[PDB]
Amino acid sequence: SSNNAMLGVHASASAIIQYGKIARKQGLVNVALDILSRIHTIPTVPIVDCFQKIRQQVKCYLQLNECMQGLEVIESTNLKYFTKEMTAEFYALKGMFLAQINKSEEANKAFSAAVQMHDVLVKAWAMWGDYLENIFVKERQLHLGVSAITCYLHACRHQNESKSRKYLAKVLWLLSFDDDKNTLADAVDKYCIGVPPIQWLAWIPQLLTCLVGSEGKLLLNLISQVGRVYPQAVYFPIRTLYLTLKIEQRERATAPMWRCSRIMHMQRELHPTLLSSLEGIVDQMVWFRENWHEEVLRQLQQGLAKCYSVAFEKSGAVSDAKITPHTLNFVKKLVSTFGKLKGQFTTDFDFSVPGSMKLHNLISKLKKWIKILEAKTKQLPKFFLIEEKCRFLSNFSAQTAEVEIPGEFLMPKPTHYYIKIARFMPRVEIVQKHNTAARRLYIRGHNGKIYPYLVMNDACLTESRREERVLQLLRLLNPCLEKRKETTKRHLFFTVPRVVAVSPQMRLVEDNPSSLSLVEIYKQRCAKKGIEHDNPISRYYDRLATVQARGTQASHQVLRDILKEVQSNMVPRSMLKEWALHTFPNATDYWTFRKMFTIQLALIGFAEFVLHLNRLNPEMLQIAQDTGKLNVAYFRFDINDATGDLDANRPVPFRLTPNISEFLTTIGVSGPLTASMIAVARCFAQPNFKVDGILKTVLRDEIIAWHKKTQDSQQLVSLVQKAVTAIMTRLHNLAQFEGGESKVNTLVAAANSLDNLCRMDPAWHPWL
Amino acid sequence: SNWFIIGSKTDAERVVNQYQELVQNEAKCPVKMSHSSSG
């Protein structure tokens with residue numbers, strides 16, 4: 001009864017299998033087969049080790065003319081008898097292998113035999129559902145799509161904590177392929193009971209936008225199930241959507257509002273103390289609003305930004321620049337909202353008429369209004385205690401209600417990670433932002449740590465729901481960068497913040513100290529000298545007008561000369577390098593900050609160019625001093641108003657300033673900057689990772705929201721899939737390997753070229 | 001009336017398997033395994 005010998009053989013065989021398995025994960029199959037061929041020299045091999053040996057080998061052949069060799073290798077073994085439980089997984093693998101080629105008339109019975117064993121394999125249902133998914137490409141077969149979602153729902157019953165978000169994305173995407181009959185919704189409701197509600201926390205906004213639309217009442221069962229377990233995660237979005245519908249309909253009973261009200265009433269009976277506490281917190285946030293000094297100042301900054309966009313459009317034309325009707329209405333709104341002694345001075349000074357035919361006479365005046373309003377509001381108080389103007393917020397402890405940190409339900413995790421509320425700090429600060437001065441409060445949890453949070457009062461809710469969807473898309477793709485090795489070595493992560501929407505006009509965002517932008521760095525350096533910050537912009541516009549005043553059209557050469565003049569006089573090439581040298585006296589800290597800056601910049605540039613993101617303004621890029629991580633505020637999709645082409649026609653691929661290029665080094669712009677983009681490109685291009693399903697779901701409601709704003713058929717589906725194919729077309733154009741290295745080197749070489757930067761909006765600040 | 005927080009089904013056996021492994025080691029007098037169900 002020898003036991004030590006068999007344990008050593010079992011341990012040795014497991015080590016060989018593990019070493020062979022990890023070699024396959026490295027992307028090399030030829031060397032893995034040689035390692036897996038070493039087991040043949042051992043005369044005594046257990047049965048279970050042999051099954052793992054052939055399971056790894058068939059996976060190596062699947063990843064690697066040679067298809068005949070892989071087909072005939074599985075028939076040599078598996079001769080007499082195997083046990084029941086391992087006679088189910090590799091039937092699915094060979095069925096998938098047969099489905100990889102045109103032989104599909106005999107693979108249907110292969111999938112049936114694989115699933116018939118014990119009906120609890122995630123893999124067996126996944127590939128069978130995926131095999132059915134390939135069928136839907138042609139011959140729609142409307143009454144068969146209920147079978148596909150049936151397979152996905154069964155596969156989601158056992159798969160937990162991993163590889164489950166992609167399956168729910170497929171269910172949501174296939175739900176929007178419904179005709180007038182409601183048979184698809186009936187199939188979902190009857191076949192979804194049993195799955196845990198923890199997997200529905202990552203698609204809350206997707207469920208909301210389907211509930212608002214037509215024939216969406218049957219989806220209310222899933223919302224009630226989620227709210228019965230987690231009331232906080234599905235409370236704020238419901239209130240925000242209910243208030244959004246009330247406001248838009250007030251300008252112009254509502255079934256979507258009745259559904260939201262019904263959902264509210266069912267969750268009132270479940271933990272009413274928590275709902276009452278949440279109502280008190282929301283109702284006590286009305287005292288954090290700013291005065292009219294900042295509201296007028298913030299509106300003027302938005303108007304000045306709009307004027308710059310309008311002025312850039314009138315480039316190459318005459319110097320007339322007739323006032324657009326949109327700007328005329330904005331001026332009219334300013335008079336209405338402003339018209340005890342300074343409140344009527346603007347009416348008769350310069351706002352009696354919005355301008356007859358001049359546009360440069362308005363931008364040049366608003367410059368000094370900002371200066372007057374900036375120096376006047378420098379005496380504004382910064383401090384105010386919580387013991388006044390509010391009582392419930394000040395007198396709050398953990399004994400009242402079970403309130404958690406706002407934002408803990410964005411991404412489910414296997415661990416709990418639930419930080420509670422202990423006491424609101426009686427200490428708040430006012431920080432000057434690029435447009436307003438928002439208030440930041442400090443919240444301390446039960447663990448003793450203090451978590452600051454910033455209170456925003458951003459208007460224009462229409463251009464605000466497309467700013468969180470892109471952040472949610474980035475948060476979904478973040479875990480996908482850890483399953484590989486090339487992306488793991490460079491420590492790549494998107495550094496997404498935490499944003500919680502409470503009300504359509506006010507919402508809470510995560511803020512940290514020592515988080516300044518690149519434009520603010522220029523302001524500090526420019527204020528040290530004896531010049532104003534808006535010199536390069538004014539010099540660009542007026543000098544070009546004088547050149548055009550001679551009747552000569554502007555050419556490329558004149559743009560190059562004036563761009564060099566700005567770089568020679570006002571902004572030197574090494575402004576940022578000197579700022580970081582003096583800020584960080586330690587050599588080790590400077591290296592870590594610069595290395596983290598390069599790593600974060602590559603991910604930001606990759607996201608801006610590939611997925612058709614918004615243009616990167618210099619006031620949008622934020623730099624953290626404590627750690628060096630980078631995050632850009634409030635991304636937005638680029639969709640044309642005429643139609644959803646999803647085209648970004650810009651000269652440069654992303655923002656690569658000459659200041660940034662020299663700041664890292666001339667070596668860091670080539671080696672580390674391009675290697676990170678290549679590594680990310682391979683990770684997203686792996687066929688194993690499911691990327692199409694996530695993109696389709698995000699672009700589904702993105703077009704729906706766009707269609708609902710500007711005036712329900714197959715055209716929307718075709719438009720969404722056309723955009724998805726464009727995304728994959730650009731992804732594949734920068735991830736292939738051939739005799740040449742890649743196409744990333746070509747685009748990064750033209751990004752820092754002066755030819756592509758001189759034809760850019762001066763507000764984009766190509767020089768800075 | 002002490003109670004424990006437990007997540008989905010998969011987390012249940014992991015706690016049970018960990019609890020079974022811990023109690024099996026430093027007793028050494030018993031060797032057995034008995035369990036039942038009601039409902």
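*Asks:* Break down the overall build of chain A for me, with residues and values.
*Replies:* The secondary structure content of chain A amounts to 32 helices and 8 strands. Taken over the C-alpha trace, chain A has a radius of gyration of 30 Å; the compact-globule value for 768 residues is 27 Å, and the two agree within 12%. Dimensions of chain A, computed from C-alpha atoms along their principal axes, come out at roughly 100 × 65 × 55 Å. Taken over 768 residues, chain A has a buried fraction of 45%. When the accessible surface of chain A is split by element, carbon and sulfur atoms take 56% of a total near 42000 Å². Here chain A contributes 98 positive and 71 negative side-chain charges, whose respective centroids are spaced 3 Å apart.

*Asks:* Quick one: what's the story with the sheet that holds strand β3 (residues 450–456) of chain A, residue by residue and with numbers?
*Replies:* Residue and element names in this part refer to chain A. The strand order across the open sheet formed by 5 strands is β1-β2-β3-β5-β4, and the pairing between neighbours is antiparallel. The open sheet is flanked by β1 (423–430) and β4 (499–501), the only strands paired with a single partner. The sheet shows a mean angle of 25° between the axes of neighbouring strands, taken without regard to direction. Of the pairings in the sheet, the one linking strand β2 (residues 439–444) to β3 comprises 6 bridges and is antiparallel in character.

*Asks:* Which residues make up the pattern of salt bridges, and what values do they have?
*Replies:* Taken as a whole, this structure holds 22 salt bridges over all chains when the rule is applied. Between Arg440(A) and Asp511(A) there is a salt bridge; the shortest N-O distance is 3.6 Å. Of this pair, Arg440(A) sits in strand β2 while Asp511(A) sits in the loop between β5 (507–510) and β6 (515–517), and the two are 71 residues apart along the sequence. Taking the shortest distance from any N to any O, the salt bridge between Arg14(B) and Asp11(B) comes out at 2.6 Å.

*Asks:* With reference to specific residues and values, describe the pairing of strand β7 (residues 621–624) of chain A.
*Replies:* All names here are of chain A. On β7, burial covers both faces: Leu621 and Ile623 on one face and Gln622 and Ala624 on the other are all buried. Both β6 and β7 contribute to a ladder of 3 bridges, which runs antiparallel. Paired with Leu516 across the bridge in β7 is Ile623. Summarising the sheet, β7 and strand β8 (residues 630–632) pair through 3 bridges and their orientation is antiparallel. By the bridge assignment, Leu621 is partnered in β8 with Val632. As consecutive antiparallel partners, β7 and β8 are separated by 5 residues, and within that stretch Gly628 has a phi angle of approximately 100°, a positive value.

*Asks:* Break down the interface of chain A and chain B for me, with residues and values.
*Replies:* Residue-level contacts link 5 residues of chain A with 5 residues of chain B. Across the chain A to chain B interface the summed buried area is about 400 Å²; carbon plus sulfur atoms make up 40%. Joining chain A to chain B, the criterion identifies 0 salt bridges. Residues of the side of chain A that touches chain B, tallied by class, amount to no nonpolar, 3 polar and 2 charged.

*Asks:* I'd like a description of helix α14 (residues 255–268) of chain A, backed by residues and values.
*Replies:* Residues and elements named next belong to chain A. In this model, α14 (14 residues) spans 20 Å end to end at C-alpha, consistent with the 20 Å of a helix rising 1.5 Å per residue. Here α14 has its buried residues at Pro256, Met257, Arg259, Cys260, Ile263, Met264 and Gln267. Along the axis of α14, the buried positions cluster into a sector of 160°, meaning they face one direction only. Looking at the buried side of α14, the elements it contacts are α11 (204–212), α12 (220–229), α13 (236–251) and α15 (272–283).

*Asks:* Can you break down a positive patch on the surface residue by residue, with the values?
*Replies:* Residues and elements named next belong to chain A. A cluster of basic residues, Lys21, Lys25, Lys123, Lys163, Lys483 and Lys690, forms a positive patch at the surface. Considering the arrangement of structural elements, one finds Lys123 in helix α7 (residues 122–135). Overall, the relative accessible area of 31% leaves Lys123 in the partly exposed class.

*Asks:* An account of the state of the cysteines is needed here, citing residue identities and associated values.
*Replies:* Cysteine pairs can be covalently joined through their sulfur atoms, and such a bond is termed a disulfide. Residues and elements named next belong to chain A. Here the structure, examined in full by the defined rule, presents 0 disulfides over all chains. Of all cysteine sulfurs, the one in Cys307 lies closest to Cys460, which takes part in no disulfide; the gap is 16 Å. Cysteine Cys683 shares no disulfide, and the gap to the nearest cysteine sulfur, in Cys480, comes to 6.7 Å.

*Asks:* Provide a residue-level description of unusual backbone geometry, including the pertinent values.
*Replies:* Leaving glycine aside, a negative phi is the common case for residues, and trans is the common case for peptide bonds. Residues and elements named next belong to chain A. In this model, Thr495 sits at a positive phi of 60°, which is unusual for a non-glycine residue. Of the residues examined, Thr495 reaches a relative accessible area of 16% and is grouped as buried. With phi around 55°, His765 is a residue other than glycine that occupies positive phi space.

*Asks:* Explain the environment of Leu359(A) to me, and be specific about the residues and the numbers.
*Replies:* On the secondary structure map, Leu359(A) appears in the loop between α18 (345–349) and α19 (360–376). Setting aside residues up to four positions removed in sequence, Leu359(A) forms contacts with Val310(A), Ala311(A), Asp320(A), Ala321(A) and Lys322(A).

*Asks:* Before we move on, can you summarise a nonpolar patch on the surface with the specific residues and values?
*Replies:* A surface patch of nonpolar side chains, amounting to about 400 Å² of accessible area, comprises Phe4(B), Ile5(B), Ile6(B) and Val15(B). Following the sequence through the fold, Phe4(B) ends up in the segment before α1 (9–25).

*Asks:* An account of the side chain of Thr487(A) is needed here, citing residue identities and associated values.
*Replies:* All names here are of chain A. On the secondary structure map, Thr487 appears in helix α21 (residues 486–489). Classification of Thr487 by relative accessible area gives buried; the value is 1%. A polar contact is formed between the side chain of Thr487 and the backbone oxygen of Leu481, at a distance of 2.8 Å. Sequence-distant contacts of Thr487, defined by excluding residues within four places in its chain, comprise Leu481, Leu492, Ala679, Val680 and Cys683.

The rules behind the values
- A chain's residues are numbered here from 1, following its sequence as written, a convention that may not match the entry; residues for which no coordinates exist are omitted.
- Key to labels: chains lettered from A, ligands numbered from 1, both in the order written.
- Each value listed describes the chains present in this view, a part of a larger assembly.
- To get the side-chain values, take all heavy atoms of the structure and skip hydrogens and water.
- Helix and strand labels come from DSSP, where a helix needs a run of H or I of at least four residues and a strand needs a run of E of at least two; each type is numbered from the N terminus.
- The globule rule used for comparison is 2.2 Å times the number of residues to the exponent 0.38, while the radius of gyration itself is calculated over C-alpha atoms.
- Here the term buried applies to any residue with accessible area under 20% of the maximum for its type, exposed to any over 50%, and partly exposed to those in between, with areas from a 1.4 Å probe on protein chains only.
- Residue exposure ignores everything except the shown protein chains as possible cover, and the areas themselves are Shrake-Rupley values with a 1.4 Å probe.
- A residue counts as positive if it is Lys or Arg and as negative if it is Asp or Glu; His and the chain ends are not included.
- Working definition for charges: the position is that of NZ of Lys, CZ of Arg, CG of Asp or CD of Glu.
- One bridge is not enough; two strands pair if DSSP finds at least two bridges between them.
- In this analysis an axis means a line fitted to C-alpha atoms, helices contributing only their contacting stretch, and an angle means the value between N-to-C directions, from 0 to 180 degrees.
- We define a salt bridge as a side-chain nitrogen of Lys or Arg found within 4 Å of a carboxyl oxygen belonging to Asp or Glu.
- By definition in these notes, contact holds between two residues if any of their heavy atoms fall within 4.5 Å.
- Summed over both partners, the accessible area (1.4 Å probe) lost when two parts come together is defined as the buried area.
- All amino acids are sorted into three groups, where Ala, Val, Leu, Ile, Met, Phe, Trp, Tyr, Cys and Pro are nonpolar, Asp, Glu, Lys and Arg are charged, and the leftover types, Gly among them, are polar.
- Here, expected helix span is obtained from the residue count minus one, scaled by 1.5 Å.
- Throughout, the arc means that of the directions going from the helix axis to the C-beta atoms.
- Each patch is assembled from residues with relative accessible area greater than 30% and no salt bridge, linking like charges that lie within 9 Å and nonpolar side chains (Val, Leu, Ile, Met, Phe, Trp, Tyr) that lie within 5 Å.
- Two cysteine sulfur atoms form a disulfide, by the criterion used here, when they sit within 2.5 Å.
- Polar contacts, as counted here, are pairs of nitrogen or oxygen atoms within 3.5 Å of one another; within protein the pair requires one atom able to donate a hydrogen and one able to accept it, and residues that are adjacent in sequence qualify only if both atoms are side-chain atoms.

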